[PDB]
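Structure first, commentary second.
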Amino acid sequence: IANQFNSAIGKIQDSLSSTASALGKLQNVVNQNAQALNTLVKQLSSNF
Amino acid sequence: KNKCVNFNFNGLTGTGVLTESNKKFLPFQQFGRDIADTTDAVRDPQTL
């Protein structure tokens, strides 16, 4: 059991250092807040 | 320089400070803008 547990922790470091889409849930929070701020400043150039 | 003053250029009016910029401008353009249509660099019409 102790050899199977140590081999499972080492597979997380190989999955996080190669696949960049594993943290896509945290990336969508930052990208949604950047589009809401860039739209608010770009609406100042309108004439209405 | 280094004082929040008023700007009265040939085609621009704003308020802010004026410090040294490390950018490079082309001779076929006067000022520069950011990604949100905000001015960040202006060229003196007298000296280059």
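All Cβ positions, even for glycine, are placed from backbone atoms using ideal geometry, and neighbour counts span all protein chains on display. We did not get these values from a lab; they are worked out from the coordinates using the rules stated.
Data for the structure
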| read-out | value |
| --- | --- |
| In degrees, nearest ten, helix A:24-42 long axis to first principal axis of chain A (Cα) | 10 degrees |
| For the stretch A:1-43, average projected area of the Cα convex hull in nm² | 3.9 nm² |
| Cross-link partners of B:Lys1 among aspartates and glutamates (Cα-Cα below 18 Å; sequence separation of 8 or more within a chain) | B:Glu20, B:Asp40, B:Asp44 |
| Trypsin sites (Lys or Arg not before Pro) restricted to chain B and DSSP loop, no more than 16 other C-beta within 10 Å | B:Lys1, B:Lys3, B:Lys23, B:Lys24, B:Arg43 |
| Shape box of the protein assembly as shown [Cα atoms, principal axes, largest first, Å] | 78, 37, 29 |
| Nearest 10 degrees, 0 to 90: helix A:2-16 Cα axis against chain A principal axis | 30 degrees |
| Expected-Rg normalisation [2.2 N^0.38 Å, Cα atoms] applied to chain B | 1.14 |
| Rounded to whole Hz, the Karplus (6.51, -1.76, 1.60) HN-Hα couplings of the stretch B:15-25, x for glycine and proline | 9, x, 9, 10, 10, 6, 10, 9, 7, 10, 10 |
